[PDB]
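To be precise, the following lines are my_file.txt, and they hold compact mmCIF, C-alpha atoms and all ligand atoms.
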```txt
# COMPACT_ATOMS: atom_id res chain seq x y z
CA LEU O 15 4.96 1.15 -21.52
CA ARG O 16 2.54 4.06 -21.98
CA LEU O 17 -0.02 4.35 -19.18
CA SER O 18 -3.55 5.72 -19.36
CA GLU O 19 -4.19 9.18 -17.94
CA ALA O 20 -5.93 7.64 -14.94
CA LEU O 21 -3.02 5.27 -14.27
CA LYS O 22 -0.52 8.11 -14.76
CA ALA O 23 -2.24 9.93 -11.91
CA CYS O 24 -2.09 6.71 -9.90
CA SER O 25 1.68 6.54 -10.47
CA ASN O 26 2.07 10.09 -9.22
CA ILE O 27 -0.04 9.31 -6.16
CA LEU O 28 2.09 6.24 -5.47
CA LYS O 29 5.28 8.27 -5.62
CA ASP O 30 3.76 10.79 -3.24
CA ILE O 31 2.75 8.37 -0.48
CA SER O 32 6.08 6.55 -0.96
CA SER O 33 8.23 9.69 -0.77
CA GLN O 34 10.49 10.98 2.01
CA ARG O 35 7.80 13.50 2.98
CA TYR O 36 5.80 10.67 4.56
CA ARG O 37 8.70 8.49 5.70
CA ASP O 38 7.30 8.37 9.25
CA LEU O 39 4.20 6.58 7.88
CA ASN O 40 5.27 4.63 4.76
CA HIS O 41 8.59 3.08 5.77
CA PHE O 42 6.71 0.09 7.22
CA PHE O 43 4.98 -0.46 3.81
CA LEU O 44 7.86 0.28 1.42
CA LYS O 45 8.96 -3.36 1.09
CA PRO O 46 7.46 -6.84 1.40
CA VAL O 47 6.71 -8.20 4.83
CA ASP O 48 9.58 -10.56 5.82
CA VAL O 49 8.25 -12.98 8.44
CA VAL O 50 11.70 -14.13 9.56
CA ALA O 51 13.23 -10.66 9.85
CA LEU O 52 10.22 -9.39 11.79
CA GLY O 53 9.78 -12.54 13.90
CA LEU O 54 6.13 -12.97 12.91
CA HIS O 55 3.84 -15.79 14.04
CA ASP O 56 1.10 -17.07 11.68
CA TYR O 57 1.37 -14.26 9.16
CA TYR O 58 0.35 -16.30 6.09
CA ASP O 59 -2.33 -18.12 8.05
CA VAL O 60 -4.03 -14.72 8.32
CA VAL O 61 -2.77 -13.01 5.13
CA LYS O 62 -3.37 -14.94 1.93
CA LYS O 63 -1.77 -12.44 -0.48
CA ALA O 64 0.94 -10.05 0.68
CA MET O 65 1.22 -6.57 -0.81
CA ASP O 66 3.45 -3.55 -0.37
CA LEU O 67 4.46 -0.30 -2.07
CA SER O 68 7.43 -1.71 -3.99
CA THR O 69 5.27 -4.48 -5.48
CA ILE O 70 2.49 -2.07 -6.48
CA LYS O 71 5.12 0.08 -8.23
CA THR O 72 6.48 -2.95 -10.09
CA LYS O 73 3.03 -4.08 -11.22
CA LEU O 74 1.96 -0.58 -12.27
CA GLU O 75 5.10 0.02 -14.30
CA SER O 76 4.98 -3.40 -15.99
CA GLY O 77 1.38 -2.91 -17.16
CA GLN O 78 -0.34 -5.31 -14.77
CA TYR O 79 -3.06 -2.83 -13.73
CA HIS O 80 -5.67 -2.40 -16.47
CA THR O 81 -7.76 0.20 -14.64
CA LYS O 82 -7.25 2.57 -11.71
CA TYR O 83 -9.50 0.20 -9.71
CA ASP O 84 -7.02 -2.66 -10.18
CA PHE O 85 -4.28 -0.40 -8.71
CA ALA O 86 -6.57 0.76 -5.89
CA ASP O 87 -7.39 -2.88 -5.06
CA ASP O 88 -3.75 -3.65 -4.31
CA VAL O 89 -3.25 -0.49 -2.26
CA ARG O 90 -6.34 -1.40 -0.21
CA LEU O 91 -5.10 -4.97 0.13
CA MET O 92 -1.81 -3.71 1.55
CA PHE O 93 -3.53 -1.72 4.27
CA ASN O 94 -6.21 -4.34 5.09
CA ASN O 95 -3.51 -6.99 5.48
CA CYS O 96 -1.83 -4.76 8.07
CA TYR O 97 -5.05 -3.98 9.91
CA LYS O 98 -6.27 -7.56 10.21
CA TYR O 99 -2.99 -9.25 11.11
CA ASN O 100 -1.73 -6.60 13.54
CA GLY O 101 -5.03 -5.38 15.01
CA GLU O 102 -6.46 -1.87 14.68
CA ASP O 103 -5.10 -0.88 18.10
CA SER O 104 -1.51 -1.66 16.98
CA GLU O 105 0.94 1.12 16.29
CA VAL O 106 1.50 -0.02 12.72
CA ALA O 107 -2.23 -0.04 11.99
CA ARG O 108 -2.53 3.47 13.42
CA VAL O 109 0.09 4.91 11.08
CA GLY O 110 -1.35 2.83 8.25
CA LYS O 111 -4.74 4.53 8.65
CA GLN O 112 -2.99 7.92 8.48
CA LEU O 113 -1.28 6.97 5.22
CA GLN O 114 -4.46 5.44 3.78
CA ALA O 115 -6.47 8.57 4.54
CA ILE O 116 -3.86 10.51 2.56
CA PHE O 117 -4.13 8.08 -0.31
CA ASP O 118 -7.96 8.01 -0.23
CA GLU O 119 -8.10 11.81 -0.39
CA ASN O 120 -5.86 11.93 -3.46
CA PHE O 121 -7.28 8.88 -5.25
CA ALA O 122 -10.74 10.43 -5.15
CA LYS O 123 -9.48 13.08 -7.62
CA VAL O 124 -8.39 10.66 -10.37
CA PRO O 125 -10.47 10.87 -13.60
CA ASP O 126 -12.22 7.84 -15.02
CA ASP O 127 -10.20 5.35 -17.07
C1 LIG D 201 3.40 -3.35 7.80
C2 LIG D 201 3.17 -4.48 8.76
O1 LIG D 201 2.12 -5.10 8.79
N1 LIG D 201 4.21 -4.85 9.56
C3 LIG D 201 5.54 -4.32 9.51
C4 LIG D 201 6.22 -4.16 8.31
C5 LIG D 201 7.51 -3.64 8.33
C6 LIG D 201 8.11 -3.25 9.52
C7 LIG D 201 9.48 -2.67 9.54
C8 LIG D 201 10.11 -2.35 10.74
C9 LIG D 201 11.39 -1.84 10.76
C10 LIG D 201 12.09 -1.65 9.59
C11 LIG D 201 13.51 -1.16 9.62
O2 LIG D 201 13.69 0.07 9.68
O3 LIG D 201 14.42 -2.03 9.58
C12 LIG D 201 11.47 -1.96 8.39
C13 LIG D 201 10.18 -2.46 8.36
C14 LIG D 201 7.41 -3.41 10.71
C15 LIG D 201 6.14 -3.97 10.71
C16 LIG D 201 5.44 -4.35 12.00
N2 LIG D 201 6.12 -4.32 13.29
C17 LIG D 201 6.20 -3.20 14.07
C18 LIG D 201 6.72 -3.35 15.34
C19 LIG D 201 6.70 -2.29 16.22
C20 LIG D 201 6.22 -1.04 15.85
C21 LIG D 201 6.14 0.18 16.58
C22 LIG D 201 5.66 1.20 15.85
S1 LIG D 201 5.29 0.75 14.23
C23 LIG D 201 5.77 -0.89 14.54
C24 LIG D 201 5.76 -1.95 13.64
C25 LIG D 201 4.95 -5.79 11.72
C26 LIG D 201 3.93 -5.88 10.58
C27 LIG D 201 3.86 -7.26 9.91
```

Translate the structure of the given file into structure tokens.
Ligand SMILES: CC(=O)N1c2ccc(-c3ccc(C(=O)O)cc3)cc2[C@H](Nc2ccc3ccsc3c2)C[C@@H]1C
Amino acid sequence: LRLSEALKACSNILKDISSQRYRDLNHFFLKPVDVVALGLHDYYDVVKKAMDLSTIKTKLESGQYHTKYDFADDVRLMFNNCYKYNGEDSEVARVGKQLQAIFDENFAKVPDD
């Protein structure tokens, strides 16, 4: 599958925020939330659609994002899920915001579709 130039830059941004360089921030978002493994109460009462870095990579590479905004929607969904279930004073929300600020800075430089 050949990606647009905008989505190619999105792929490279995804690999950056998912890389070992940011392992202290992204390892909580690398894989789908597992309510049983994490002992979560009411997760899907609060979160209607789960999202994580592995799933965004799958969708991107299988052609499910038509524009860079479709890709950015899922990234934003991943972080907003974390903020609203865990609370912005939680440790996981605090590292999330750090990772999102990194992503926001880079995504601003992507050319139009
Ligand atoms: C992202 C998100 O909303 N979540 C999330 C997702 C994944 C993980 C996670 C933890 C350990 C491992 C592991 O290596 O085996 C893998 C994944 C933790 C969390 C969150 N829990 C959590 C607890 C204490 C702390 C303390 C500092 S941060 C932190 C995060 C829950 C939440 C639903």

Using all atoms listed in the file, find each residue with an atom at most 9 Å away from ligand LIG 201 (chain D) and format the answer as an mmCIF file with C-alpha atoms, in the frame of the given file.
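Below you can see result_10.cif, which holds the result:
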```cif
data_model
loop_
_atom_site.group_PDB
_atom_site.id
_atom_site.type_symbol
_atom_site.label_atom_id
_atom_site.label_comp_id
_atom_site.auth_asym_id
_atom_site.auth_seq_id
_atom_site.Cartn_x
_atom_site.Cartn_y
_atom_site.Cartn_z
ATOM 1 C CA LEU O 39 4.200 6.580 7.880
ATOM 2 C CA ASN O 40 5.270 4.630 4.760
ATOM 3 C CA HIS O 41 8.590 3.080 5.770
ATOM 4 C CA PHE O 42 6.710 0.090 7.220
ATOM 5 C CA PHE O 43 4.980 -0.460 3.810
ATOM 6 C CA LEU O 44 7.860 0.280 1.420
ATOM 7 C CA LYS O 45 8.960 -3.360 1.090
ATOM 8 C CA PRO O 46 7.460 -6.840 1.400
ATOM 9 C CA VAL O 47 6.710 -8.200 4.830
ATOM 10 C CA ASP O 48 9.580 -10.560 5.820
ATOM 11 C CA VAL O 49 8.250 -12.980 8.440
ATOM 12 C CA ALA O 51 13.230 -10.660 9.850
ATOM 13 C CA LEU O 52 10.220 -9.390 11.790
ATOM 14 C CA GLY O 53 9.780 -12.540 13.900
ATOM 15 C CA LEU O 54 6.130 -12.970 12.910
ATOM 16 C CA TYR O 57 1.370 -14.260 9.160
ATOM 17 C CA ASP O 66 3.450 -3.550 -0.370
ATOM 18 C CA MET O 92 -1.810 -3.710 1.550
ATOM 19 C CA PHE O 93 -3.530 -1.720 4.270
ATOM 20 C CA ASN O 95 -3.510 -6.990 5.480
ATOM 21 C CA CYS O 96 -1.830 -4.760 8.070
ATOM 22 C CA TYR O 97 -5.050 -3.980 9.910
ATOM 23 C CA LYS O 98 -6.270 -7.560 10.210
ATOM 24 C CA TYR O 99 -2.990 -9.250 11.110
ATOM 25 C CA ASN O 100 -1.730 -6.600 13.540
ATOM 26 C CA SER O 104 -1.510 -1.660 16.980
ATOM 27 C CA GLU O 105 0.940 1.120 16.290
ATOM 28 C CA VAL O 106 1.500 -0.020 12.720
ATOM 29 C CA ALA O 107 -2.230 -0.040 11.990
ATOM 30 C CA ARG O 108 -2.530 3.470 13.420
ATOM 31 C CA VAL O 109 0.090 4.910 11.080
ATOM 32 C CA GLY O 110 -1.350 2.830 8.250
#
```

Contacts of residue O:16 within 12 Å, all atoms listed in the file, excl. fewer than 6 positions in-chain, as an NGL selection string: :O and (22 or 25 or 74-77 or 80)

Which residue, O:50, O:123, O:89, O:55, has the smallest gap to residue O:69 when you use all atoms listed in the file?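 Among the listed residues, O:89 lies closest to residue O:69.
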
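Between atom CA of residue O:113 and atom CA of residue O:31 the separation is 7.1 Å.
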
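The shortest atom-to-atom distance to residue O:126, with all atoms listed in the file taken into account, belongs to O:81 out of O:32, O:81, O:26, O:68.
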
Quick one: pull the distance between atom CA of residue O:59 and atom CA of residue O:116, Å, one decimal. 29.2 Å

I'd like the neighbourhood of residue O:90 as number ranges by chain, where a residue qualifies if any of its atoms comes within 12 Å (using all atoms listed in the file), though same-chain residues fewer than 6 positions away should be ignored. O: 63-67, 70, 83-84, 96-97, 110-111, 113-115, 117-118, 121

Interatomic distance between atom CA of residue O:82 and atom CA of residue O:37?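 Here the two named atoms are 24.3 Å from each other.
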
Distance query residue O:124 at most 10 Å, only C-alpha atoms, self and fewer than 5 positions along chain excluded, as number ranges by chain: O: 19-24, 27, 82
